[PDB]
>>> print(open('coords_33.pdb').read())   # PDB, C-alpha atoms and all ligand atoms
ATOM      1  CA  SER A   7    -173.817  64.856 -23.491  1.00  0.00           C
ATOM      2  CA  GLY A   8    -170.577  64.360 -25.459  1.00  0.00           C
ATOM      3  CA  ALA A   9    -166.856  63.663 -25.226  1.00  0.00           C
ATOM      4  CA  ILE A  10    -163.496  64.144 -27.079  1.00  0.00           C
ATOM      5  CA  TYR A  11    -161.443  60.970 -27.810  1.00  0.00           C
ATOM      6  CA  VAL A  12    -157.708  61.694 -28.247  1.00  0.00           C
ATOM      7  CA  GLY A  13    -155.005  58.995 -27.994  1.00  0.00           C
ATOM      8  CA  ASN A  14    -155.738  56.995 -24.810  1.00  0.00           C
ATOM      9  CA  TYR A  15    -157.854  59.766 -23.254  1.00  0.00           C
ATOM     10  CA  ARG A  16    -161.559  60.602 -23.052  1.00  0.00           C
ATOM     11  CA  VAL A  17    -162.341  64.282 -22.174  1.00  0.00           C
ATOM     12  CA  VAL A  18    -165.858  64.953 -20.754  1.00  0.00           C
ATOM     13  CA  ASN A  19    -167.612  67.675 -18.642  1.00  0.00           C
ATOM     14  CA  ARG A  20    -166.643  66.891 -14.988  1.00  0.00           C
ATOM     15  CA  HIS A  21    -170.318  67.134 -13.928  1.00  0.00           C
ATOM     16  CA  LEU A  22    -171.347  64.430 -16.468  1.00  0.00           C
ATOM     17  CA  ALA A  23    -168.407  61.970 -15.795  1.00  0.00           C
ATOM     18  CA  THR A  24    -169.572  58.357 -15.142  1.00  0.00           C
ATOM     19  CA  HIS A  25    -168.397  55.784 -12.488  1.00  0.00           C
ATOM     20  CA  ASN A  26    -166.118  54.298 -15.210  1.00  0.00           C
ATOM     21  CA  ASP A  27    -164.580  57.729 -15.876  1.00  0.00           C
ATOM     22  CA  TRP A  28    -163.871  58.227 -12.086  1.00  0.00           C
ATOM     23  CA  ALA A  29    -162.507  54.625 -11.797  1.00  0.00           C
ATOM     24  CA  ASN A  30    -160.032  55.398 -14.658  1.00  0.00           C
ATOM     25  CA  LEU A  31    -159.388  59.033 -13.596  1.00  0.00           C
ATOM     26  CA  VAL A  32    -156.281  60.759 -15.124  1.00  0.00           C
ATOM     27  CA  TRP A  33    -157.021  64.394 -14.237  1.00  0.00           C
ATOM     28  CA  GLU A  34    -159.968  66.525 -13.060  1.00  0.00           C
ATOM     29  CA  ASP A  35    -160.478  70.225 -12.429  1.00  0.00           C
ATOM     30  CA  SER A  36    -163.760  71.368 -10.898  1.00  0.00           C
ATOM     31  CA  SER A  37    -162.772  75.006 -11.631  1.00  0.00           C
ATOM     32  CA  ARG A  38    -162.701  74.151 -15.386  1.00  0.00           C
ATOM     33  CA  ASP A  39    -165.634  71.615 -15.400  1.00  0.00           C
ATOM     34  CA  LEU A  40    -163.271  69.064 -17.008  1.00  0.00           C
ATOM     35  CA  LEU A  41    -162.380  65.451 -16.308  1.00  0.00           C
ATOM     36  CA  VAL A  42    -160.073  63.163 -18.354  1.00  0.00           C
ATOM     37  CA  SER A  43    -160.167  59.369 -18.074  1.00  0.00           C
ATOM     38  CA  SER A  44    -158.074  56.607 -19.682  1.00  0.00           C
ATOM     39  CA  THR A  45    -159.388  54.403 -22.526  1.00  0.00           C
ATOM     40  CA  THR A  46    -158.257  51.073 -24.068  1.00  0.00           C
ATOM     41  CA  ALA A  47    -159.082  51.984 -27.670  1.00  0.00           C
ATOM     42  CA  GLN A  48    -157.192  54.801 -29.411  1.00  0.00           C
ATOM     43  CA  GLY A  49    -159.133  58.039 -30.012  1.00  0.00           C
ATOM     44  CA  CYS A  50    -159.196  59.696 -33.420  1.00  0.00           C
ATOM     45  CA  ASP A  51    -159.904  63.398 -32.560  1.00  0.00           C
ATOM     46  CA  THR A  52    -157.286  66.175 -32.973  1.00  0.00           C
ATOM     47  CA  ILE A  53    -156.937  69.007 -30.411  1.00  0.00           C
ATOM     48  CA  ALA A  54    -156.455  72.494 -31.929  1.00  0.00           C
ATOM     49  CA  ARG A  55    -153.240  74.317 -30.851  1.00  0.00           C
ATOM     50  CA  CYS A  56    -154.097  77.965 -31.559  1.00  0.00           C
ATOM     51  CA  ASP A  57    -155.600  81.385 -30.691  1.00  0.00           C
ATOM     52  CA  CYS A  58    -158.712  81.126 -33.066  1.00  0.00           C
ATOM     53  CA  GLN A  59    -161.690  83.157 -31.836  1.00  0.00           C
ATOM     54  CA  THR A  60    -164.195  81.835 -34.506  1.00  0.00           C
ATOM     55  CA  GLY A  61    -165.430  78.268 -35.006  1.00  0.00           C
ATOM     56  CA  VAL A  62    -168.485  75.990 -35.252  1.00  0.00           C
ATOM     57  CA  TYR A  63    -170.229  74.189 -32.379  1.00  0.00           C
ATOM     58  CA  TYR A  64    -172.742  71.315 -32.249  1.00  0.00           C
ATOM     59  CA  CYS A  65    -176.000  72.293 -30.504  1.00  0.00           C
ATOM     60  CA  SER A  66    -177.954  69.096 -29.553  1.00  0.00           C
ATOM     61  CA  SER A  67    -181.058  71.160 -28.465  1.00  0.00           C
ATOM     62  CA  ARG A  68    -181.394  72.317 -32.077  1.00  0.00           C
ATOM     63  CA  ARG A  69    -179.755  69.198 -33.828  1.00  0.00           C
ATOM     64  CA  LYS A  70    -177.672  71.868 -35.659  1.00  0.00           C
ATOM     65  CA  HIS A  71    -174.141  73.193 -35.954  1.00  0.00           C
ATOM     66  CA  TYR A  72    -173.752  76.985 -35.579  1.00  0.00           C
ATOM     67  CA  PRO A  73    -170.784  79.222 -36.503  1.00  0.00           C
ATOM     68  CA  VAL A  74    -169.766  81.601 -33.672  1.00  0.00           C
ATOM     69  CA  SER A  75    -167.249  84.270 -32.554  1.00  0.00           C
ATOM     70  CA  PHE A  76    -166.061  83.437 -28.976  1.00  0.00           C
ATOM     71  CA  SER A  77    -164.033  85.259 -26.293  1.00  0.00           C
ATOM     72  CA  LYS A  78    -160.483  84.202 -25.155  1.00  0.00           C
ATOM     73  CA  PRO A  79    -160.310  81.650 -22.275  1.00  0.00           C
ATOM     74  CA  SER A  80    -160.863  83.597 -19.052  1.00  0.00           C
ATOM     75  CA  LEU A  81    -162.212  83.491 -15.455  1.00  0.00           C
ATOM     76  CA  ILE A  82    -165.922  84.004 -15.702  1.00  0.00           C
ATOM     77  CA  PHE A  83    -168.544  84.058 -12.992  1.00  0.00           C
ATOM     78  CA  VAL A  84    -170.853  81.079 -13.499  1.00  0.00           C
ATOM     79  CA  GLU A  85    -174.234  81.051 -11.693  1.00  0.00           C
ATOM     80  CA  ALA A  86    -175.060  78.322  -9.178  1.00  0.00           C
ATOM     81  CA  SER A  87    -176.490  75.157 -10.755  1.00  0.00           C
ATOM     82  CA  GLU A  88    -177.690  71.758  -9.443  1.00  0.00           C
ATOM     83  CA  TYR A  89    -174.046  70.533 -10.045  1.00  0.00           C
ATOM     84  CA  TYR A  90    -171.994  73.433  -8.514  1.00  0.00           C
ATOM     85  CA  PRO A  91    -172.460  76.502  -6.222  1.00  0.00           C
ATOM     86  CA  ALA A  92    -171.687  79.998  -7.630  1.00  0.00           C
ATOM     87  CA  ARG A  93    -168.007  80.301  -8.664  1.00  0.00           C
ATOM     88  CA  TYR A  94    -165.487  81.570 -11.184  1.00  0.00           C
ATOM     89  CA  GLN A  95    -164.964  78.891 -13.814  1.00  0.00           C
ATOM     90  CA  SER A  96    -161.570  79.256 -15.446  1.00  0.00           C
ATOM     91  CA  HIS A  97    -160.565  78.683 -19.110  1.00  0.00           C
ATOM     92  CA  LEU A  98    -164.121  79.494 -20.243  1.00  0.00           C
ATOM     93  CA  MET A  99    -164.954  81.145 -23.649  1.00  0.00           C
ATOM     94  CA  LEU A 100    -168.367  82.788 -24.240  1.00  0.00           C
ATOM     95  CA  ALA A 101    -170.342  83.328 -27.465  1.00  0.00           C
ATOM     96  CA  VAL A 102    -173.779  84.633 -28.393  1.00  0.00           C
ATOM     97  CA  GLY A 103    -175.784  81.538 -29.200  1.00  0.00           C
ATOM     98  CA  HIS A 104    -178.337  79.089 -28.022  1.00  0.00           C
ATOM     99  CA  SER A 105    -177.695  76.570 -25.273  1.00  0.00           C
ATOM    100  CA  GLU A 106    -179.709  74.416 -22.868  1.00  0.00           C
ATOM    101  CA  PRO A 107    -178.344  72.138 -20.084  1.00  0.00           C
ATOM    102  CA  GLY A 108    -178.406  68.942 -22.209  1.00  0.00           C
ATOM    103  CA  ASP A 109    -176.134  70.728 -24.715  1.00  0.00           C
ATOM    104  CA  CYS A 110    -173.040  70.201 -22.448  1.00  0.00           C
ATOM    105  CA  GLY A 111    -170.495  68.094 -24.227  1.00  0.00           C
ATOM    106  CA  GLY A 112    -171.178  69.386 -27.735  1.00  0.00           C
ATOM    107  CA  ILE A 113    -167.865  70.097 -29.489  1.00  0.00           C
ATOM    108  CA  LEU A 114    -166.614  73.477 -30.705  1.00  0.00           C
ATOM    109  CA  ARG A 115    -164.164  73.139 -33.613  1.00  0.00           C
ATOM    110  CA  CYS A 116    -162.018  75.410 -35.776  1.00  0.00           C
ATOM    111  CA  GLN A 117    -159.859  74.497 -38.928  1.00  0.00           C
ATOM    112  CA  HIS A 118    -157.097  73.350 -36.502  1.00  0.00           C
ATOM    113  CA  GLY A 119    -159.322  70.831 -34.714  1.00  0.00           C
ATOM    114  CA  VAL A 120    -161.217  70.481 -31.427  1.00  0.00           C
ATOM    115  CA  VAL A 121    -161.193  73.724 -29.436  1.00  0.00           C
ATOM    116  CA  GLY A 122    -163.369  72.741 -26.463  1.00  0.00           C
ATOM    117  CA  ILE A 123    -166.769  71.481 -25.286  1.00  0.00           C
ATOM    118  CA  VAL A 124    -170.079  73.236 -24.276  1.00  0.00           C
ATOM    119  CA  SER A 125    -170.017  73.744 -20.464  1.00  0.00           C
ATOM    120  CA  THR A 126    -172.234  76.812 -19.593  1.00  0.00           C
ATOM    121  CA  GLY A 127    -175.039  78.935 -21.112  1.00  0.00           C
ATOM    122  CA  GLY A 128    -178.383  80.715 -20.702  1.00  0.00           C
ATOM    123  CA  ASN A 129    -179.801  84.212 -21.495  1.00  0.00           C
ATOM    124  CA  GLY A 130    -178.709  83.821 -25.119  1.00  0.00           C
ATOM    125  CA  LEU A 131    -175.084  82.918 -24.348  1.00  0.00           C
ATOM    126  CA  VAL A 132    -173.101  79.682 -24.647  1.00  0.00           C
ATOM    127  CA  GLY A 133    -169.788  78.953 -22.834  1.00  0.00           C
ATOM    128  CA  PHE A 134    -167.080  76.422 -23.871  1.00  0.00           C
ATOM    129  CA  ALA A 135    -164.456  74.827 -21.623  1.00  0.00           C
ATOM    130  CA  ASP A 136    -161.179  75.282 -23.601  1.00  0.00           C
ATOM    131  CA  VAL A 137    -158.838  72.209 -24.022  1.00  0.00           C
ATOM    132  CA  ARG A 138    -156.173  73.798 -26.317  1.00  0.00           C
ATOM    133  CA  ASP A 139    -153.683  74.437 -23.445  1.00  0.00           C
ATOM    134  CA  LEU A 140    -153.702  70.712 -22.326  1.00  0.00           C
ATOM    135  CA  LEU A 141    -150.667  69.791 -24.493  1.00  0.00           C
ATOM    136  CA  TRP A 142    -150.316  66.407 -22.641  1.00  0.00           C
ATOM    137  CA  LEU A 143    -153.416  65.095 -24.500  1.00  0.00           C
ATOM    138  CA  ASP A 144    -150.971  64.804 -27.566  1.00  0.00           C
ATOM    139  CA  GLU A 145    -148.655  62.365 -25.687  1.00  0.00           C
TER
HETATM  140  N1  LIG A 201    -169.889  74.399 -15.953  1.00  0.00           N
HETATM  141  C1  LIG A 201    -170.915  74.618 -15.147  1.00  0.00           C
HETATM  142  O1  LIG A 201    -170.821  75.264 -14.097  1.00  0.00           O
HETATM  143  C2  LIG A 201    -172.215  73.934 -15.532  1.00  0.00           C
HETATM  144  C3  LIG A 201    -172.673  73.022 -14.392  1.00  0.00           C
HETATM  145  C4  LIG A 201    -173.945  72.248 -14.728  1.00  0.00           C
HETATM  146  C5  LIG A 201    -174.458  72.597 -16.096  1.00  0.00           C
HETATM  147  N2  LIG A 201    -174.583  74.056 -16.245  1.00  0.00           N
HETATM  148  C6  LIG A 201    -175.758  74.555 -16.676  1.00  0.00           C
HETATM  149  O2  LIG A 201    -176.710  73.835 -16.947  1.00  0.00           O
HETATM  150  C7  LIG A 201    -175.834  76.041 -16.967  1.00  0.00           C
HETATM  151  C8  LIG A 201    -176.496  76.227 -18.308  1.00  0.00           C
HETATM  152  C9  LIG A 201    -177.707  76.916 -18.432  1.00  0.00           C
HETATM  153  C10 LIG A 201    -178.346  77.036 -19.664  1.00  0.00           C
HETATM  154  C11 LIG A 201    -177.795  76.464 -20.801  1.00  0.00           C
HETATM  155  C12 LIG A 201    -176.604  75.755 -20.681  1.00  0.00           C
HETATM  156  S1  LIG A 201    -175.747  74.934 -21.951  1.00  0.00           S
HETATM  157  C13 LIG A 201    -174.525  74.431 -20.847  1.00  0.00           C
HETATM  158  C14 LIG A 201    -174.732  74.855 -19.587  1.00  0.00           C
HETATM  159  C15 LIG A 201    -175.939  75.629 -19.456  1.00  0.00           C
HETATM  160  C16 LIG A 201    -173.395  74.848 -15.898  1.00  0.00           C
HETATM  161 ZN    ZN A 202    -157.724  77.495 -34.143  1.00  0.00          ZN
END
>>> encode(input="coords_33.pdb", output="structure tokens", more="lines below")
Ligand SMILES: NC(=O)[C@H]1CCCN(C(=O)Cc2cccc3sccc23)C1
Ligand SMILES: [Zn+2]
Amino acid sequence: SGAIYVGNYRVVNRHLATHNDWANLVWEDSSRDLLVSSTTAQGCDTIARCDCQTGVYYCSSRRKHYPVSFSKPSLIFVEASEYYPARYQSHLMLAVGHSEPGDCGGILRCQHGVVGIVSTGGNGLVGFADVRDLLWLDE
């Protein structure tokens, strides 16, 4: 679990979005595993606007933050899960590192701010749904 709180928006993994998120839906993209809902309280997080390929992510299955090198956001084949069939998930960045299903939502950050959230993993890899291109989160 986990979310990003920026302005009047809450960004979560689409597969983990609650009834409240869907009742206050702003935007959703199943191909990115993202959903954004509206909030009443102002969020304090800052979205990174960059091309960094190194950062630190929070891994709940280890209660630890790990530094990683990650690939540029791309279309990557993601295996079928109990939430989606097999498909290309877009805007995904992979790194070598530990992840387990409950780790979705952990934030990946660089010096410029929030880069994205854990979305995929397994076989010693972890994948992050990028949010840096969503410039509308800043207004
Ligand atoms: N975006 C997707 O298609 C999701 C859908 C449901 C959650 N997903 C998984 O549980 C795959 C996986 C395996 C093993 C470690 C980890 S850590 C995060 C994800 C994951 C993938
Ligand atoms: Zn950056």
>>> closest_residue(input="coords_33.pdb", among="A:72, A:110, A:138, A:143", to="residue 123 in chain A", atoms="only C-alpha atoms")
A:110
>>> closest_atom_pairs(input="coords_33.pdb", of="chain A", to="ligand LIG 201 (chain A)", cutoff="7 Å", atoms="only C-alpha atoms and all ligand atoms", output="JSON lines")
{"residue": "A:21", "atom": "CA", "partner": "A:LIG201", "partner_atom": "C4", "distance": 6.3}
{"residue": "A:39", "atom": "CA", "partner": "A:LIG201", "partner_atom": "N1", "distance": 5.1}
{"residue": "A:84", "atom": "CA", "partner": "A:LIG201", "partner_atom": "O1", "distance": 5.8}
{"residue": "A:87", "atom": "CA", "partner": "A:LIG201", "partner_atom": "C4", "distance": 5.5}
{"residue": "A:88", "atom": "CA", "partner": "A:LIG201", "partner_atom": "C4", "distance": 6.5}
{"residue": "A:89", "atom": "CA", "partner": "A:LIG201", "partner_atom": "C4", "distance": 5.0}
{"residue": "A:90", "atom": "CA", "partner": "A:LIG201", "partner_atom": "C3", "distance": 5.9}
{"residue": "A:95", "atom": "CA", "partner": "A:LIG201", "partner_atom": "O1", "distance": 6.9}
{"residue": "A:105", "atom": "CA", "partner": "A:LIG201", "partner_atom": "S1", "distance": 4.2}
{"residue": "A:106", "atom": "CA", "partner": "A:LIG201", "partner_atom": "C11", "distance": 3.5}
{"residue": "A:107", "atom": "CA", "partner": "A:LIG201", "partner_atom": "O2", "distance": 3.9}
{"residue": "A:108", "atom": "CA", "partner": "A:LIG201", "partner_atom": "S1", "distance": 6.6}
{"residue": "A:109", "atom": "CA", "partner": "A:LIG201", "partner_atom": "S1", "distance": 5.0}
{"residue": "A:110", "atom": "CA", "partner": "A:LIG201", "partner_atom": "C13", "distance": 4.8}
{"residue": "A:124", "atom": "CA", "partner": "A:LIG201", "partner_atom": "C13", "distance": 5.7}
{"residue": "A:125", "atom": "CA", "partner": "A:LIG201", "partner_atom": "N1", "distance": 4.6}
{"residue": "A:126", "atom": "CA", "partner": "A:LIG201", "partner_atom": "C14", "distance": 3.2}
{"residue": "A:127", "atom": "CA", "partner": "A:LIG201", "partner_atom": "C12", "distance": 3.6}
{"residue": "A:128", "atom": "CA", "partner": "A:LIG201", "partner_atom": "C10", "distance": 3.8}
{"residue": "A:132", "atom": "CA", "partner": "A:LIG201", "partner_atom": "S1", "distance": 6.1}
{"residue": "A:133", "atom": "CA", "partner": "A:LIG201", "partner_atom": "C13", "distance": 6.8}
>>> resolve_selection(input="coords_33.pdb", expression="the PyMOL selection byres (((not hetatm)) within 6 of (chain A and resi 202))", output="mmCIF file with C-alpha atoms, keeping the file's coordinate frame")
data_model
loop_
_atom_site.group_PDB
_atom_site.id
_atom_site.type_symbol
_atom_site.label_atom_id
_atom_site.label_comp_id
_atom_site.auth_asym_id
_atom_site.auth_seq_id
_atom_site.Cartn_x
_atom_site.Cartn_y
_atom_site.Cartn_z
ATOM 1 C CA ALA A 54 -156.455 72.494 -31.929
ATOM 2 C CA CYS A 56 -154.097 77.965 -31.559
ATOM 3 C CA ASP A 57 -155.600 81.385 -30.691
ATOM 4 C CA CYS A 58 -158.712 81.126 -33.066
ATOM 5 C CA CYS A 116 -162.018 75.410 -35.776
ATOM 6 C CA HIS A 118 -157.097 73.350 -36.502
#
>>> atom_distance(input="coords_33.pdb", atom1="CA of residue 67 in chain A", atom2="CA of residue 15 in chain A")
26.4 Å
>>> resolve_selection(input="coords_33.pdb", expression="the PyMOL selection byres (((chain A and resi 16) around 12) and not hetatm)", output="ChimeraX atom specification")
/A:8-15,17-20,23-24,26-28,30-34,40-51,111,137,143
>>> residues_around(input="coords_33.pdb", residues="residue 97 in chain A", least_positions_apart="2", cutoff="8 Å", atoms="all atoms listed in the file", output="VMD selection string")
chain A and resid 38 79 to 81 95 99 135 to 136
>>> atom_distance(input="coords_33.pdb", atom1="CA of residue 121 in chain A", atom2="CA of residue 141 in chain A")
12.3 Å
>>> resolve_selection(input="coords_33.pdb", expression="the PyMOL selection byres (((chain A and resi 103) around 7) and not hetatm)", output="VMD selection string")
chain A and resid 101 to 102 104 to 105 130 to 132
>>> atom_distance(input="coords_33.pdb", atom1="CA of residue 7 in chain A", atom2="CA of residue 112 in chain A")
6.7 Å
>>> closest_residue(input="coords_33.pdb", among="A:94, A:77, A:114, A:52", to="residue 36 in chain A", atoms="all atoms listed in the file")
A:94
>>> axis_aligned_box(input="coords_33.pdb", around="range 79-93 of chain A", padding_each_side="6 Å", output="lines of an AutoDock Vina configuration file")
center_x = -169.0
center_y = 77.3
center_z = -14.2
size_x = 29.4
size_y = 25.5
size_z = 28.1
>>> closest_residue(input="coords_33.pdb", among="A:29, A:86, A:53, A:113", to="residue 144 in chain A", atoms="only C-alpha atoms")
A:53
>>> closest_residue(input="coords_33.pdb", among="A:91, A:134, A:145, A:119", to="residue 75 in chain A", atoms="only C-alpha atoms")
A:134
>>> closest_residue(input="coords_33.pdb", among="A:22, A:140, A:82, A:70", to="residue 122 in chain A", atoms="all atoms listed in the file")
A:140
>>> closest_residue(input="coords_33.pdb", among="A:96, A:142, A:115, A:55", to="residue 73 in chain A", atoms="only C-alpha atoms")
A:115
>>> build_atoms(input="coords_33.pdb", residues="range 87-101 of chain A", atoms="N, CA and C atoms", output="compact mmCIF listing (two decimals), in the frame of the given file")
# COMPACT_ATOMS: atom_id res chain seq x y z
N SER A 87 -175.68 76.15 -10.06
CA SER A 87 -176.49 75.16 -10.76
C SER A 87 -176.71 73.97 -9.81
N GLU A 88 -177.51 72.97 -10.23
CA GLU A 88 -177.69 71.76 -9.44
C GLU A 88 -176.40 70.87 -9.41
N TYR A 89 -175.30 71.29 -10.09
CA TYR A 89 -174.05 70.53 -10.04
C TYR A 89 -172.95 71.30 -9.27
N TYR A 90 -173.03 72.64 -9.19
CA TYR A 90 -171.99 73.43 -8.51
C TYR A 90 -172.60 74.66 -7.82
N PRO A 91 -172.00 75.18 -6.73
CA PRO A 91 -172.46 76.50 -6.22
C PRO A 91 -171.96 77.62 -7.17
N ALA A 92 -172.19 78.90 -6.80
CA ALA A 92 -171.69 80.00 -7.63
C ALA A 92 -170.15 80.02 -7.53
N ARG A 93 -169.47 80.27 -8.65
CA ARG A 93 -168.01 80.30 -8.66
C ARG A 93 -167.46 80.88 -9.96
N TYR A 94 -166.16 81.21 -9.97
CA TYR A 94 -165.49 81.57 -11.18
C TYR A 94 -165.05 80.23 -11.81
N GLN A 95 -165.44 80.03 -13.06
CA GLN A 95 -164.96 78.89 -13.81
C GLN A 95 -163.87 79.47 -14.71
N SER A 96 -162.72 78.84 -14.67
CA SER A 96 -161.57 79.26 -15.45
C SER A 96 -161.56 78.59 -16.84
N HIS A 97 -160.77 79.19 -17.76
CA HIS A 97 -160.56 78.68 -19.11
C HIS A 97 -161.89 78.55 -19.86
N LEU A 98 -162.81 79.50 -19.62
CA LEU A 98 -164.12 79.49 -20.24
C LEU A 98 -164.17 80.54 -21.37
N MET A 99 -164.84 80.23 -22.48
CA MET A 99 -164.95 81.14 -23.65
C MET A 99 -166.43 81.33 -23.93
N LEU A 100 -166.93 82.57 -24.01
CA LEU A 100 -168.37 82.79 -24.24
C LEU A 100 -168.64 83.24 -25.67
N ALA A 101 -169.85 82.94 -26.15
CA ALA A 101 -170.34 83.33 -27.46
C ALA A 101 -171.83 83.64 -27.35
